[PDB]
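Undergrad:
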Amino acid sequence: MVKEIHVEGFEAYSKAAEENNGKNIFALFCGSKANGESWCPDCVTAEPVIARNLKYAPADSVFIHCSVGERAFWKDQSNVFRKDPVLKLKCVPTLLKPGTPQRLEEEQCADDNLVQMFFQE
Amino acid sequence: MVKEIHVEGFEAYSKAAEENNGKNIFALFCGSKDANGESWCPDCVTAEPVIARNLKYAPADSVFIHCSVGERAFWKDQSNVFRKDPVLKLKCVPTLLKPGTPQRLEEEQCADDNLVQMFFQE
Amino acid sequence: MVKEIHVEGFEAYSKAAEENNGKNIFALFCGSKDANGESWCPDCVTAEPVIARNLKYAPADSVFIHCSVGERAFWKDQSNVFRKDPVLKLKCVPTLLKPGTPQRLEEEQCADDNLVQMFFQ
Amino acid sequence: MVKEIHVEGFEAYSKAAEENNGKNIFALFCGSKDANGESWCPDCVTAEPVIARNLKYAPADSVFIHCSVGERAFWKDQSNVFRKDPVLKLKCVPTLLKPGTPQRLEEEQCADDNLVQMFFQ
C-alpha cells in the first residue's frame, strides 16, 4: 500500500500539501459526492484505474485524493483550484504532481498505461 | 543547438512525428503567424523565447517540433483534428507536450522558465 | 418570440415538461456548454442557429424546451436516463422532438432548414 | 433573387467588374475550394450563409460577385494582385466590399448578420 490522504476542498488540500512538502506527492482532483453519486462521470471511471496503478509509485510516495466541491462551485471560473498559481486546474478529473509538467485530465485519468507512466516515471 | 522542425497544420505535424517515432520528441503547438511574423495567440508570443532559451536543457538527440495549428478560426473549432487527436488531445494553445506521456504545459505555464526547464530536463 | 425554457439535465427537463403538459411542446436535446459557451457536440453547434431562425414557424402558444443532456462522459453512458426514458428514447444529440409523437430529427437533420421549418410549422 | 456571378481569380474578377461598371456591385473575396472539398478559409465558410440570407436586402439593380482569390499559398503572397490592387487593397479573406467605397467588412464581421444586412441595405 501507498500512503493516501482524502481531503474535501482547497483549505484541507492546502494543509495536506504543506504537511507533505518534503515528499513525492501525487494528487487527484475529483468532484464531491448524493453519497454514492459523484457528479463527475470521468472521475468515477478514473478512480479504479488510479487505484490499481498506485503500486507503481515509489515506496514513500503520498497520494492526495482531493474532492473539489459541488458542481456549481467547480463551474465557477474564478474558484480557488482554477486560479491557484501551481494547480491551475482546468477540469476534473485531474491527476497532477504539483509544481511539475506531469498532468493527466478527463479520459486520460482512466488510461491504464498513461496512469502507470505518471506514477512510475 | 537542438534539432528543430517547423510544421504548419496537422498533416505536416503527422509526417514529422511518424518520421521521428524512434526519437525523443518535444512538441510546441501554437497559433499560426502572419506575414509580419504577427501572432493571434498572445500566450504563444510570450512562450516562444522562454522555450527557445531552455531547449539547450533537452537531451542530446532530442527533436523539437514547432507546430503551428493554423488560424484562430481553425483553432476556435472545438472539433478540430488537434483537439480530437487521441494522443494530442489539445485543449489550448500554446501547449508544450511530449506526445504519449503525462508531460504537458499549457497557456502561461509555457512561459514559466523553471517548468519549461523541468519539461526539457531528463 | 416563442416561449423558451433552458434546462440542464433530466430532473430539470422533467419539471419543465410536467409543468407544460397542457401545451404544444417542442424539445431540443444538446450537449452541455462550457463556461466558454463552447460545445463538445459539433452537430449541436451547427443546429442551434437553424432551429433559432425557424422557431417563428411554430404555433404562437408553443413551448420550446432547450435541454442540455450533460457532459460528453454522461452522454457516452449507453444506459443514461435520456436514452432509457420510454418516451424520449434518445439515440443521439442533437435530437429535435415533439415528445410522445413520431416527430423527430437527429444529427445533421437538426441543421436542415427545410426539415426544421417542417418540424415547427 | 439577386444576380450573382461566381469567378475564380483576378482576371475573371476584373472581367465581371468591368462588364458591370454601370451597376451597384457587392463583392465577396474568399479562398478557393479544392477539388471535392471545402475551402482552406474557415471564416469564408462561416460567412457564406449569412451573406446568402441577407442578399435580399440589397437594392434593385444589384450584382453580387463571389470571387475566389486562389489557393492559400497564392493568398499568403503579400505582393499578390488582390492585395496590391489600388481599389481592392485586400488585407484578408473573407472581405465583403463595395469597390471604390468605404463599405468593407473583414474576417468575422462577414458572418455578423446585422453588419451584413447593413452592408447590403
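Residue numbers (the authors' numbering), protein chains in the order written: chain C, 1 to 33, 35 to 122; chain A, 1 to 122; chain B, 1 to 121; chain D, 1 to 121.
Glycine residues also receive a C-beta, built at the ideal position from the N, C-alpha and C atoms.
(1) If you draw a straight line from the C-alpha of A27 (chain D) to the C-alpha of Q103 (chain D), how long is it?
(2) Just curious, the beta strand (DSSP E) that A12 (chain D) is in, first and last residue?
(3) Kindly list, in the order they appear in chain A, the residues whose Cβ is closer than 8 Å to that of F119 (chain C).
(4) Report the three-state DSSP secondary structure of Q121 (chain D) (helix, strand or coil).
(5) Since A12 (chain A) meets chain D, which of its residues come closer than 8 Å, beta carbon to beta carbon?
(6) Any beta carbon from chain A within less than 7 Å of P42 (chain B)'s own beta carbon?
(7) So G31 (chain C) and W75 (chain C) are in contact, right, with Cβ under 8 Å, and what is the actual spacing, rounded?
(8) Starting from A52 (chain C) and walking both ways along the alpha helix (DSSP H), at which residues does that stretch end?
(9) Name, going along the chain, the residues of the segment 60-91 of chain D whose beta-carbon falls closer than 8 Å to a beta-carbon of chain A.
(10) Using 10 angstroms around the beta-carbon of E71 (chain C), count the other beta-carbons present and answer buried if the total reaches 16, otherwise exposed.
(11) By the three-class DSSP mapping on this structure, what secondary structure does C92 (chain D) have?
(12) Below 8 Å between beta carbons is the criterion; list the residues of the segment 29-40 of chain B that meet it against any residue of chain A, in chain order.
(13) Leaving aside the five residues before and after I65 (chain C) along the sequence, list all residues of the same chain whose C-beta is less than 6 Å from its C-beta, in chain order.
(14) Quick check: the Cα distance between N114 (chain A) and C110 (chain C), rounded to an integer number of angstroms?
(15) What span of residues does the alpha helix (DSSP H) with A73 (chain B) cover, start to end?
(16) Taking 8 Å as the threshold, find out whether the segment 44-58 of chain B comes into contact with the segment 91-108 of chain B through three or more Cβ pairs.
(17) Can you check which of these residues, A:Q78, A:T101, A:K89 and A:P49, is closest to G37 (chain B) by C-alpha distance?
(18) Check for me: the alpha helix (DSSP H) holding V81 (chain C) runs from which residue to which?
(19) Drop a sphere of 10 angstroms on the beta-carbon of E19 (chain D), count the other beta-carbons inside from all chains shown, and report buried for 16 or more, exposed for fewer.
(20) For a test of the three-state rule: what should DSSP assign to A27 (chain A), helix, strand or coil?
(21) State the Cα-Cα distance for the pair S39 (chain B) and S68 (chain B), rounded to the nearest angstrom.
(22) Using beta carbons (cut-off 7 Å, strictly below), is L55 (chain A) in contact with chain C?
(23) Looking at the structure shown, is residue 34 (chain C) part of a helix, part of a strand, or coil, going by DSSP?
(24) Taking Cβ to Cβ, would you say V50 (chain C) is nearer than 7 Å to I25 (chain C)?
(25) Looking only at C-alpha atoms, which of D:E108, D:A73 and D:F119 sits nearest to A35 (chain A)?
(26) For my contact list, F119 (chain C) and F82 (chain C) are in at a C-beta cut-off of 8 Å; report their separation, rounded to the angstrom.
(27) Span of the beta strand (DSSP E) holding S68 (chain D)?
(28) Which residue from C:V116, C:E107 and C:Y57 puts its Cα closest to that of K3 (chain C)?
(29) Quick one, which of B:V7, B:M1, B:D85 and B:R53 has its alpha-carbon nearest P99 (chain B)'s?
(30) Is the Cβ-Cβ distance between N54 (chain C) and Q117 (chain C) less than 7 Å?
(31) Ordered along the chain, which non-local residues of its own chain (more than five positions away) have a Cβ less than 8 Å from that of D112 (chain D)?
TA: By the coordinates alone:
(1) To locate residue 27 (chain D), count along the fourth sequence from 1; it is residue 27. To locate residue 103 (chain D), count along the fourth sequence from 1; it is residue 103. About 11 Å.
(2) Taking the first residue of the fourth sequence as 1, we reach residue 12 (chain D) at position 12. No beta strand (DSSP E) contains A12 (chain D), which is instead part of the alpha helix (DSSP H) from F10 to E19.
(3) For the purposes of this step, residue 119 (chain C) is taken as residue 118 along the first sequence, with counting starting at 1. Per Cβ cutoff of 8 Å: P102.
(4) For the purposes of this step, residue 121 (chain D) is taken as the residue at position 121 of the fourth sequence. Coil at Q121 (chain D), not helix or strand.
(5) On the second sequence, position 12 is the one that residue 12 (chain A) refers to. Here the premise fails: no neighbours, minimum Cβ distance about 13 Å.
(6) Counting from one through the third sequence, the residue named residue 42 (chain B) turns up at place 42. Cβ-Cβ to chain A under 7 Å: yes for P42 (chain B).
(7) Translated into positions along the first sequence, residue 31 (chain C) becomes position 31. Translated into positions along the first sequence, residue 75 (chain C) becomes position 74. Right, the Cβ-Cβ distance comes to about 6 Å (below 8 Å), so this counts as a contact.
(8) On the first sequence, residue 52 (chain C) is found 51 positions in, with the first residue counted as 1. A52 (chain C) -> alpha helix (DSSP H) spans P42 to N54.
(9) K76 and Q78
(10) Translated into the one-based positions of the first sequence, residue 71 (chain C) becomes position 70. With fewer than 16 Cβ atoms within 10 Å of its Cβ, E71 (chain C) is classed as exposed.
(11) Stepping through the fourth sequence from its first residue, residue 92 (chain D) is reached at position 92. Reduced to three states, the DSSP call for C92 (chain D) is coil.
(12) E38, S39 and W40
(13) The count along the first sequence starts at 1 and reaches residue 65 (chain C) at position 64. Within the same chain, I65 (chain C) has close Cβ partners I5, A16 and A27.
(14) Position 114 of the second sequence holds residue 114 (chain A). Position 109 of the first sequence holds residue 110 (chain C). Approximately 25 Å between the Cα atoms of the pair.
(15) Your numbering for residue 73 (chain B) matches position 73 in the third sequence. Start and end: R72 to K76.
(16) yes
(17) Residue 37 (chain B) sits at position 37 when you count from the first residue of the third sequence. Residue A:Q78 is the option with its Cα nearest to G37 (chain B).
(18) For the purposes of this step, residue 81 (chain C) is taken as residue 80 along the first sequence, with counting starting at 1. Here the alpha helix (DSSP H) through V81 (chain C) covers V81 to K84.
(19) As a first step, residue 19 (chain D) must be located in the fourth sequence, where it is residue number 19. That one is exposed.
(20) Within the second sequence, numbered from 1, the residue matching residue 27 (chain A) stands at position 27. Of the three classes helix, strand and coil, the one that applies to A27 (chain A) here is strand, per DSSP.
(21) Counted from its first residue, the third sequence places residue 39 (chain B) at position 39. Counted from its first residue, the third sequence places residue 68 (chain B) at position 68. Going from the Cα of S39 (chain B) to the Cα of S68 (chain B) covers about 10 Å.
(22) In the second sequence, residue 55 (chain A) corresponds to position 55, counting from 1. Not one chain C Cβ lies under 7 Å of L55 (chain A).
(23) Inspection of chain C shows residue 33 followed directly by residue 35; residue 34 (chain C) is thus not represented.
(24) For the purposes of this step, residue 50 (chain C) is identified with residue 49 of the first sequence, where counting begins at 1. For the purposes of this step, residue 25 (chain C) is identified with residue 25 of the first sequence, where counting begins at 1. No, the pair does not count as a contact, with Cβ atoms beyond the cut-off.
(25) As a first step, residue 35 (chain A) is located in the second sequence; it is residue number 35 there, counting from the start. When only C-alpha atoms are compared, the closest one is D:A73.
(26) Locating residue 119 (chain C) in the first sequence gives position 118, where the first residue counts as 1. Locating residue 82 (chain C) in the first sequence gives position 81, where the first residue counts as 1. At roughly 19 Å, the Cβ-Cβ gap does not stay under 8 Å, so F119 (chain C) and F82 (chain C) are not in contact.
(27) Numbered from 1 along the fourth sequence, position 68 holds the residue referred to as residue 68 (chain D). Element bounds for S68 (chain D): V63 to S68.
(28) Here residue 3 (chain C) is taken as the residue at index 3 of the first sequence, counted from 1. Comparing Cα-Cα distances from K3 (chain C) to each of C:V116, C:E107 and C:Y57, the minimum goes to C:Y57.
(29) To locate residue 99 (chain B), count along the third sequence from 1; it is residue 99. Here the closest residue by C-alpha is B:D85.
(30) Stepping through the first sequence from its first residue, residue 54 (chain C) is reached at position 53. Stepping through the first sequence from its first residue, residue 117 (chain C) is reached at position 116. In contact: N54 (chain C) and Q117 (chain C) (Cβ atoms closer than 7 Å).
(31) Position 112 of the fourth sequence, counted from the first residue, corresponds to residue 112 (chain D). Contacts found: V50 and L105.
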